[PDB]
Amino acid sequence: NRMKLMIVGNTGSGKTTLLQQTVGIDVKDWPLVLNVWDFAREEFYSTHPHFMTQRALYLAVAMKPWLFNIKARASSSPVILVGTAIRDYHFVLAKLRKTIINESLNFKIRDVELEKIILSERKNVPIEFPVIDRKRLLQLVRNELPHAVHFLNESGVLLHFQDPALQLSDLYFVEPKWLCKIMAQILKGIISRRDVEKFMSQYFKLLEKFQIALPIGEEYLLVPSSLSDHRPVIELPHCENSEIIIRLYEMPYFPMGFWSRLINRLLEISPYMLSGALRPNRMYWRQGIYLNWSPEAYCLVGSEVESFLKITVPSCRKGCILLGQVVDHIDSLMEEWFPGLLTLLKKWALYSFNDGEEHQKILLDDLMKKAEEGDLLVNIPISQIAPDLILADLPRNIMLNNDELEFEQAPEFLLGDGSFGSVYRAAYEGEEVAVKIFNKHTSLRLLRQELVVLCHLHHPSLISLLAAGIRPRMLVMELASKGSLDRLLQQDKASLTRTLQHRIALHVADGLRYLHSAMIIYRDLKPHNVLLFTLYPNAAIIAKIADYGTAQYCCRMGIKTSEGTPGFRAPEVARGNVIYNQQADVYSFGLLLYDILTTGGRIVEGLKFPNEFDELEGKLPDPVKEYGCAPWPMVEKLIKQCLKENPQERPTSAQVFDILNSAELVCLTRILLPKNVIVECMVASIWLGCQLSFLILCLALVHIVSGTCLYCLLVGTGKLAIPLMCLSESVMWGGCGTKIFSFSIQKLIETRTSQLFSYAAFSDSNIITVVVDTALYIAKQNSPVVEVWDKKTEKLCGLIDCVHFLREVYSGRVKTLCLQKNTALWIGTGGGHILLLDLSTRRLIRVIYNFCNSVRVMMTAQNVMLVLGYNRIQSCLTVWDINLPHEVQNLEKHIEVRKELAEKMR
Ligand SMILES: C[C@@H]1CN(c2cc(-c3n[nH]c4ccc(OC5(C)CC5)cc34)ncn2)C[C@H](C)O1
Ligand SMILES: Nc1nc2c(ncn2[C@@H]2O[C@H](COP(=O)(O)OP(=O)(O)O)[C@@H](O)[C@H]2O)c(=O)[nH]1
Ligand SMILES: [Mg+2]
């Protein structure tokens, strides 16, 4: 019986006095318990075009923007007019009171659970500054919580803004009267944070999310709702008809919150309107913005006096560019936030044949019709009246020379089905290209959106444009030499090597990072939209992103409309009620990486079992167990991170690219052991010691002898038998006590000569391992320094310090050594770090961090590299691909090569 009453109207009308029978939304209670929200001069309109819900009854008190917001938020809701989908219209007392009760009772018919306990708990809890965090103990004391909180929010008990692009999900506003008085008392109109602070970290963030206090600079807040109600005297550098371009936007009324929204949109993009980054001059009068880069490049967006919106730009190249980008941004803003004007909106293009005569206007649709069969207006080119219809504002190097195009559009020339078009195989300028054709009932808006994406962003991981036209309305971009990723996943499963699919993932992550850095949300990532140019893993370009027909500007305000293919979209996008940030793209990339790791897998199952693919996406199986793929540790972890319900828990695209940009990720191949099971030695199925295990001082695989050291059959205690602790063959050598010894006793190299260099304690220590190579690498107990000696001279050659490398990049004390045939040295420090040194140049290739807490024993098997470590107790067994140093070098070189391309494509 909890009904919501919202008395909306124009200030003064005496609607507050109407109920009794100015500083923000009020609230009262009436007995059928009625929750009344009494709304309130005109500054609050852009502050609360939000608090309408759906389960409420409206009482309008001839303002039409109010009705426009009502019919756009709560479509099915009674609206009773009172004098001083309309259901009744009364005039002014008690007779209308019965109508309200009758309408409220009929509204429930025209339009229970464990709620009532959480409702009471949230209502009966008083705190100062009432908003509270995720206080789960209040429900613990007394998969269904976000389904009850939503109902309570839609009932007036509290407000929970769970929209991803608000960052207010964690905190819960109690007794929502307070949030309608502290958020609406901040309001010539350029006040600073210092003054606000004298009346707060989340408070400033909360204000800007509601279009109340925009950030125009440090310690500065724009506060659009408080700007002057009249424009100053602007005298533009050009006043002749032939020198300016004018376009009007005629509306029945300005939507509630339209101008603050437009100002926010325009001031965020102004640095990048010419280049795509120099700041212009800006002015504000609450119904317009003046941008000014020069007397030749400016932009005046205002509102003449119904409800027209004028855009004035100079009639030059930079003026046309600014006009095009302002029109595109206004159209995008209207599509995102004001659906209902798209017809309630009329667009006029102003033109004149001779200078000095009155301006006459033509409807933009008629002008587009005339431009579809010509580029001149017959009683004065169209490029001077509406340059954006013929793409005259875009760069001239991407204009379609229709005489150089050999395009068939045959069913056998099809390449794929785009978002709103169809890509075909064609030839342009004597080259193999791909042409996208929009299907019959499309407008210039889709072309212009995909051109916004394709024209100003150049990245080695984004599809490149070659030409664009309007008469056939195509997009010639380029031909991917190897097709889409879906075809590779479902047909050519054999060519997908590990190092190739890692590059495929990395190139898509890099493209997403760049797309997000330019305030663009892709909104649909799938193997179909990922294009492959080569299957050679060492190439710089392996994967690109195409089909930008669903991409849209995603500024700090977010995006509301829902786009994306079922099964490749974030969970917050499937339920098209919240407004989401660019983390949906991160979730889509997580799904795509899951697909890459599992190859066909869930895609093959979804083409077999539809309408369950999208339902399973809120939990999906383990990649390894479900489809039997080879384990890819630290990539399954990234998949789990990217496949999280909370968008804020998900990493950003830059973080995903950073995680993927590591050779530890690709060369890792990690097996944990039971808790409190310590391992001393292992041999290669793998045999382990402790008690002899399988998956005691020494072991050996004799083609299993169990013991200080043992080789497949020499035994060392320090009495050797065909304290001694070292023996290796590469000739066979060894080490006894604190001196190196050899035999084919052949060469007793007593090693206390090195006491002069380094500490004597490190010099005179028991030997741990000896390595046989052109040189002699020796490390001792608790020795952060590895000694290098020459067999030919039986003399020291030089000492290397692991502590030096560790500090340059941490126990540092050497525990084990292993030599790789590619001239790389593996050293296991006392901590959980691994050092890769080139044997020749003595240079640090890379240090392995976050691996473990301590390294015990290290060896190689078959070709992989076995490292055993502790976690001080828990011991872990880790398998590293033995191509790790070369992979580090190749990955860093590849990153540099394709990074010097991103700064050259611009
Ligand atoms: C196998 C065959 C298939 N092929 C392609 C090419 C493409 C392609 N190229 N360029 C494009 C630009 C855009 C584009 O928009 C998509 C993603 C909407 C389909 C596709 C392509 N997409 C699939 N297959 C190229 C030939 C050589 O190989
Ligand atoms: N005498 C009289 N005063 C009215 C009438 N309607 C409105 N008012 C005046 O309008 C004021 C109410 O303003 P109100 O509409 O509640 O402001 P709002 O809540 O911010 O929209 C009261 O002070 C009344 O004096 C009316 O029919 N008769
Ligand atoms: Mg009032």
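Residues numbered from 1 in each chain as written, not as in the entry; some residues may be left out. Chains lettered and ligands numbered in written order. Heavy atoms only, no water. Residues with missing side-chain atoms left out of burial classes, pairs and counts.

The deposited coordinates, according to the entry record, derive from cryo-EM at 2.7 Å resolution.

**A word on the overall build of the protein chain**
From N to C terminus, the protein chain includes 26 helices and 51 strands. The C-alpha extent of the protein chain, read off along each of the three principal axes, is 115 × 75 × 55 Å. (Helix = DSSP H or I, 4+ residues; strand = E, 2+ residues; numbered from the N terminus.)

**Considerations on the UniProt feature "active site" in the protein chain**
In the numbering used here, UniProt assigns the "active site" feature to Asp-524. Secondary-structure assignment places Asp-524 in the loop between strand 24 (520–521) and strand 25 (530–532). When its relative accessible area of 5% is taken as the criterion, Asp-524 is described as buried. In contact with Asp-524, other than residues within four places in its own chain, are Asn-529, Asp-547, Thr-550, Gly-564, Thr-565 and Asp-585. (UniProt positions renumbered as here; feature names shortened; annotations may be inferred. Buried < 20%, exposed > 50% of the residue type's maximum accessible area, 1.4 Å probe, protein only. Contact = heavy atoms within 4.5 Å.)

**Some remarks on the sheet that holds strand 30 (residues 687–688)**
Spatially, three strands are ordered 29-30-31 in an open sheet, and the strand pairing comes out antiparallel. Two strands close off the open sheet at either side, each with one partner strand: strand 29 (682–683) and strand 31 (693–694). The pairing of strand 30 with strand 31 spans two bridges and is antiparallel. If you follow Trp-687 over to strand 31, its bridge partner there is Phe-694. (Pairing = 2+ DSSP bridges.)

**Some thoughts on the domain arrangement of the protein chain**
A common measure of how large an interface is: the accessible area buried when the components associate. Domain annotation of the protein chain identifies domain 1 (3–179), domain 2 (188–226), domain 3 (241–386), domain 4 (394–448 + 465–478), domain 5 (480–661) and domain 6 (671–892). Using C-alpha coordinates to define each centre, domain 1 is positioned 38 Å away from domain 3. With nine residues of domain 1 at the contact, the number on the domain 3 side is eight residues. Each residue belonging to the side of domain 1 that touches domain 3 can be placed in one class, and the counts come to five nonpolar, three polar and one charged. (Domains from an automatic or database assignment. Nonpolar A, V, L, I, M, F, W, Y, C, P; charged D, E, K, R; others polar.)

**Some words on the packing of aromatic side chains**
Using the criterion set out here, one finds 24 aromatic pairs in the structure. Its end group placed over the ring of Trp-37, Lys-4 keeps NZ or CZ at 4.2 Å from the ring centre. A cation over an aromatic ring shows up here: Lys-361 above the ring of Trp-348, its NZ or CZ 4.3 Å from the ring centre. (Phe/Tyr/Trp six-rings, centres within 6.5 Å; stacked < 30°, edge-to-face > 60°. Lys NZ or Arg CZ within 6 Å of the ring centre and 35° of its normal.)

**Focus on the pairing of strand 45 (residues 814–820)**
Burial of strand 45 is extensive: five of the seven residues sit out of reach of the surface. What sits between strand 45 and strand 46 (residues 824–829) in their antiparallel hairpin is a turn of three residues, with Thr-823 showing a positive phi close to 60°.

**Looking at the sheet that holds strand 43 (residues 785–790)**
Hydrogen bonding along the main chain pairs the strands of a sheet, whether they run parallel or antiparallel. Pairing is antiparallel in the open sheet, where four strands are placed in the order 41-42-43-44. One side of each edge strand has no neighbouring strand; the edge strands of this open sheet are strand 41 (767–772) and strand 44 (795–801). Neighbour-to-neighbour, the strand axes of the sheet open up by a mean angle of 25°, direction not taken into account. Relative to strand 44, strand 43 runs antiparallel, the two being bridged by six bridges. Counterpart to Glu-787 in the pairing with strand 44 is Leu-799. (Axes fitted to C-alpha atoms, helices over the stretch in contact; angles between N-to-C directions.)

**Structural notes on the site of ligand 1**
If you check the shell around ligand 1, you find 17 residues, and the closest are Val-423, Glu-478, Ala-480, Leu-531 and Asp-547. Between ligand 1 and the protein, one listed contact pairs a nitrogen atom with a backbone N or O atom of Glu-478 at 2.8 Å. Here a nitrogen atom of ligand 1 and a backbone polar atom of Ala-480 are 3.1 Å apart. Across the complex, the protein chains shield 83% of the 580 Å² of accessible surface that ligand 1 would expose by itself. When the residues that make up the shell around ligand 1 are grouped by side-chain class, the tally is eight nonpolar, six polar and three charged. Both domain 4 (394–448 + 465–478) and domain 5 (480–661) contribute no fewer than three residues apiece to the shell around ligand 1. (Near = heavy atom within 4 Å. Polar contact = N/O pair within 3.5 Å; in protein donor to acceptor, adjacent residues only side chain to side chain. Areas by Shrake-Rupley, 256 points an atom, 1.4 Å probe, with all protein chains shown as cover.)

**Regarding the site of ligand 2**
Surveying the vicinity of ligand 2 reveals the residues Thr-11, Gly-12, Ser-13, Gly-14, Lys-15, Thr-16, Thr-17, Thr-22 and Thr-84. The contact in question runs from an oxygen atom of ligand 2 to an N or O atom on the backbone of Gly-14, over 2.6 Å. Contact between ligand 2 and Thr-16: an oxygen atom at 3.4 Å from a side-chain N or O atom of the residue. For ligand 2, the accessible surface in isolation is 590 Å², of which the surrounding protein chains cover 51%.

**Points about helix 22 (residues 653–660)**
Looking at helix 22, one finds that the buried residues are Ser-653, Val-656, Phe-657 and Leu-660. All buried residues of helix 22 lie within an arc of 100° about the axis, which places them on one face of the element. On its buried side, helix 22 packs onto helix 15 (498–517), helix 17 (583–598), helix 21 (636–642), helix 23 (663–667) and helix 26 (884–905). (Arc of directions from axis to C-beta.)

**Quick notes on a nonpolar patch on the surface**
Judged by side-chain polarity, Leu-692, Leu-701 and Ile-704 come together as a nonpolar surface patch covering roughly 250 Å² of accessible area. Examined against the element boundaries, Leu-692 turns out to sit in the loop between strand 30 and strand 31. (Patch = residues over 30% accessible without salt bridge, like charges linked within 9 Å, V, L, I, M, F, W, Y side chains within 5 Å. Salt bridge = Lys/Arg side-chain N within 4 Å of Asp/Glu carboxyl O.)

**What about helix 17?**
The first and last C-alpha atoms of helix 17 sit 23 Å apart over 16 residues, in line with the 22 Å expected at 1.5 Å per residue. Within helix 17, 16 of the 16 residues are buried, which leaves the element mostly enclosed by the surrounding structure. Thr-599, located one to two residues past helix 17, shows a positive phi value of around 60°. (Expected span 1.5 Å × (residues − 1).)

**Focus on the nonpolar core**
Formed by 156 residues in total, the largest nonpolar core has its most connected members in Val-301, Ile-311, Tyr-548, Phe-589, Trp-826 and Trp-880. In terms of residue count, helix 17 provides more of this core than any other element does, ten residues in total. If near-sequence neighbours (up to four positions away) are discounted, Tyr-548 is found in contact with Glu-450, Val-453, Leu-454, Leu-462, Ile-463, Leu-515 and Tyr-522. Membership of the second largest hydrophobic core comes to 36 residues, among which are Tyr-45, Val-131, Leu-159 and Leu-166. (Core = buried A, V, L, I, M, F, W, Y, C linked by side-chain atoms within 4.5 Å.)

**Concerning the side chain of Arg-265**
For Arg-265, the position within the fold is in helix 9 (residues 258–269). You can call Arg-265 buried: its relative accessible area is 2%. In this structure the side chain of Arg-265 is engaged in a polar contact, spanning 3.0 Å, whose partner is the side chain of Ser-332. Contacts of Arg-265, omitting those with residues within four sequence positions, involve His-329, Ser-332, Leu-333, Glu-336, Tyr-553 and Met-557.

**Looking at the packing of helix 15 against helix 26**
As a packed pair, helix 15 and helix 26 sit with axes 13 Å apart at the nearest point and diverge in direction by 35°. Considering how the two elements wind past one another, helix 15 and helix 26 form a crossing that is right-handed. Residues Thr-499, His-502, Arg-503, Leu-506, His-507 and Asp-510 of helix 15 lie in contact with helix 26, whose contacting residues are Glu-887, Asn-890, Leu-891, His-894, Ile-895 and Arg-898. Looking at the contact of helix 15 with helix 26 residue by residue, the classes come out as three nonpolar, five polar and four charged. (Left-handed = near helix turned anticlockwise from the far one by under 90°.)

**Describing the environment of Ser-811**
Tracing the backbone through its elements, the reader meets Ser-811 in the loop between helix 25 (802–808) and strand 45. The exposure class assigned to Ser-811 is partly exposed, which follows from its relative accessible area of 37%. Each C-alpha atom, one on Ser-811 and one on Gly-832, is 8.6 Å from the other, the two residues being 21 residues apart in sequence. Once residues lying within four places of it in the same chain are set aside, the contact partners of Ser-811 are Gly-830 and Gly-831.

**Description of the environment of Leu-835**
With respect to the helices and strands, the residue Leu-835 is situated in strand 47 (residues 834–838). We classify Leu-835 as buried; its relative accessible area is 1%. On a C-alpha basis, the gap between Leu-835 and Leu-825 in space is 7.5 Å, while along the polypeptide they are ten residues apart. Not counting residues up to four positions away in its chain, the partners in contact with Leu-835 are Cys-802, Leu-806, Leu-825, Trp-826, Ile-827, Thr-829, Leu-844, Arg-846 and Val-847.

**Some words on the side chain of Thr-751**
Tracing the sequence through the fold places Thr-751 in the loop between strand 40 (749–750) and helix 24 (760–763). A distance of 3.3 Å separates a polar atom in the side chain of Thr-751 from a polar atom in the side chain of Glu-787. Once residues lying within four places of it in the same chain are set aside, the contact partners of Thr-751 are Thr-738, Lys-739, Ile-740, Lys-780, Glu-787 and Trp-789.

**Brief notes about the state of the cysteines**
Under the criterion given, the structure shown has zero disulfides. Distance from the sulfur of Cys-316, which forms no disulfide, to the nearest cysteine sulfur (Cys-320) is 6.8 Å. Looking at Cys-316, the relative accessible area reads 28%, which means it is partly exposed. No disulfide involves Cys-667; its sulfur sits 15 Å from that of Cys-818, the nearest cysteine. (Disulfide = S-S within 2.5 Å.)

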